[PDB]
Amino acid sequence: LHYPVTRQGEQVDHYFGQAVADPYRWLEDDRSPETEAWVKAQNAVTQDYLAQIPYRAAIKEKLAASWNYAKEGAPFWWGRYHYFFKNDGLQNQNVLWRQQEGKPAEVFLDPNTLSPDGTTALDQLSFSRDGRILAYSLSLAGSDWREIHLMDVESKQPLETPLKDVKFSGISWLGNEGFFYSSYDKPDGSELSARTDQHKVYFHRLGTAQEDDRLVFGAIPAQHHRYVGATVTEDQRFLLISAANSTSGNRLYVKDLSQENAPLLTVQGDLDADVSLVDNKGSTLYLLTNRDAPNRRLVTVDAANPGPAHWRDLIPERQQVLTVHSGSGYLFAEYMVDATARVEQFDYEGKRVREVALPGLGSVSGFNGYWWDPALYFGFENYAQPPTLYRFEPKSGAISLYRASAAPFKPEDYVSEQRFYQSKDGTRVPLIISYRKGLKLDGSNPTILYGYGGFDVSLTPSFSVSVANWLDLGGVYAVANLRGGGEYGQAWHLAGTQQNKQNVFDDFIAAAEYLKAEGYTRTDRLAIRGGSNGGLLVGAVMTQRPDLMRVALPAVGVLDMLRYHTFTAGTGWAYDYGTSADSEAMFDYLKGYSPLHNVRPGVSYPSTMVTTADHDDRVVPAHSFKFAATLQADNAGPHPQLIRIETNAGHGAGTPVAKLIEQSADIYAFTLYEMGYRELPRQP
């Protein structure tokens, strides 16, 4: 195969006086004709390579057929209608239906009719208090930017002109007058790569132009923050404003709306802890926080004097990480037991009502609703169990099956076992391994090891049609709960941040070694995969241990650790990574593992397929571009170093089903082909 010619520029950067060359700096210009031509040439080479794989079409057809089944979400009531999402099978975007008593259900909002390719996705949905107006945000081509649209709920007629420049925003109504939302001023230069660091809260009053929206927070110097959010409590009495500069830690303010021109009181004035409002009962605020609680706790405080010195424990911290949901007048404490969910019901006085028995070991969704909801709904799933919906009557605690999955996958056909392997420093790290029953530990099973490792994100069991198919093809899927994650609280998270980041990579390498030693797989039958921070994980491991695996799959990864903070809102990740501008120590540490700066000429890298998207403004595609360019120039081995750039897609959220199916097919076909399979291991 012949890689497109990639020009090498003369750009040289300096860090504390130390020079570092960046020959592919020009690829950072997402709007230049030169960069666009390179993307087109790279995709052509990749598609040409994939075209030689005999079973790629079979994998795609297998995926599509198995994906083709009815899906339905939990219903939610508002106004005279009960709303619920549905997908009859292969619709690119889920459709919002509604139904009122005594009448048949009807389509209310179909995102598939909003674009030619299903690339416009529905994000936030927020009804006015009287339920007559709906404000919803849409994503175009998958980018983080948003537009908020207004619609008359009964007639379905569009109202006003959509609001623009919305990003990382919720939509919270003040009665029926209007709503609060967050926005960044349109940056000069490419909105897809330019830096944005001053998030502001605005209030849109119905019947006016966006230019007249009242600026609520974030304009004056004292309020400059990279991330801000505003929410009006269910009872309309309080306005909560959160403000942050990084993905961990935030300030929180509260304003009494029942009091004419009340002042903004400080719930937490520093960024040393995360704190969010779960709900409120009168002037009593219920806050979830990790302040002085690594595994988090639930506290209460009166809105009149909400400072941390006055917070009082309602649900004390335990050895397991806590998350709190509220609904039907109850608080639901969801605890993480080795990455699996457990639920306990509490009243607002903090008295335990009962433990809610779950269908098994996995992840749960739901348990969220309004104080008046007569019933709550929750979903359960894991790697071998498709989403199942249950109805829960809070007072009696009665649980009933609301909707069984219509998926063609039979849970009893798979094994999903949890093991705890030993990392380099001795730390025991969780690993959940899934596969079809009948597996032999002869070290020959094609295996995909997946990880993330960072930002306090916990990888709890989740069902994926793509994964189930990998298992049906005879593969093994293993997910490591690496440090940097939030599985075991703040201590687990911090052990993988800044100058401890290498621990995350050591944890992943040890997972690969465990899988080989136990006989699940072997070097030439192993592939590693990860996305975003997980893409960094794969890039770092493949540059440090190119001999460890046969295939590397870094998706939308942060790969240039020296300049990542110079794009969009990347600086918000400094809490986890640190920046090259922090100090010589941080600069050396970052340069020490930065995938882009650790690719070396003469090294034989594993078969690699770098994936990214042209509208990914979360993690600019330039990371992947420069990394792929470097691998193609430096790799000395016989394995292909390809890059697949998805068009009209972003970081991942809201990607239409058709694109998801194509991506998985390409990835699994490439993986098996690079492992030397002439035919599929199992009948598709």
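All residue numbers refer to positions in the sequence shown, first residue = 1.
As recorded in the PDB entry, 254-262 is the stretch of 421-429 and 254-262 with the greater mean C-alpha temperature factor. Between the stretches 303-311 and 502-510, it is 303-311 that shows the larger average CA temperature factor. Between the residues 269, 360, 453, 489, it is 360 that shows the highest Cα B-factor in the PDB record. Of the residues listed, 188, 472, 381, 588, the entry assigns the biggest Cα temperature factor to 188. Residue 78 sits in the highest third of its chain by CA B factor, as recorded in the PDB entry. The entry lists a Cα temperature factor for residue 671 that places it in the lowest third of the chain's modelled residues. Compared with the other modelled residues of the chain, the Cα B-factor recorded for residue 637 ranks in the highest third. Residue-level temperature factors show residue 33 in the highest third of its chain, judged at the C-alpha atom.
Per the PDB record, residue ranking by Cα B-factor puts residue 116 in the highest third of the chain.
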